[PDB]
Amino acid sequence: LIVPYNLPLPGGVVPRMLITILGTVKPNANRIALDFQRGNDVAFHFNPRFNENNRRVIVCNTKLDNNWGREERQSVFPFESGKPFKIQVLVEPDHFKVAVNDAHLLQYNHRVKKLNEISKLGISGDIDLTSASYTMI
């Protein structure tokens, strides 16, 4: 698929919804972003950074009224330049749970409460996107 890519989430998200993003990281990747949006608000921004002060970090945040909130950062970094990945975002009642390549990575508590209005997933950055889909577990 072509990046950037928008995946509609009609009627938003619900607990037990498993969103699977498959792709390959580009060989000289700098950044990747998943943006779960409620209109212009970003309920959940998931942002692997490959070279922030010569380190790799996962930055997560929410954007409300076009303002970024308090970042939640994780140094566990499962992505590798040039390699195929699977990001799974499992919607739970109180958080998003992220697993990469079938290993738990992080949880992000719901700041945006209206899950049934989080109706788009934006996928951007330094990937070849293979597929973006969801199922109910």
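Sequential numbering from 1, following the sequence displayed.
On average, which has the higher Cα B-factor in the deposited entry, 83-91 or 25-33?
Mean C-alpha B-factor is greater for 25-33.
Could you check which stretch, 67-75 or 93-101, carries the larger mean CA temperature factor in the entry?
It is 67-75 that shows the higher mean C-alpha B-factor.
Based on the deposited C-alpha B factors for this chain, I'd like to know if residue 110 is in the lowest, middle or highest third.
Tercile = middle for this residue's CA B-factor.
Looking at the C-alpha B-factor of residue 38, is it in the lowest, middle or highest third of its chain?
Lowest third, going by the recorded CA B-factors of the chain.
Select lowest, middle or highest to describe the third in which the CA B-factor of residue 56 falls within its chain in this entry.
According to the entry, residue 56 has a C-alpha B-factor in the chain's middle third.
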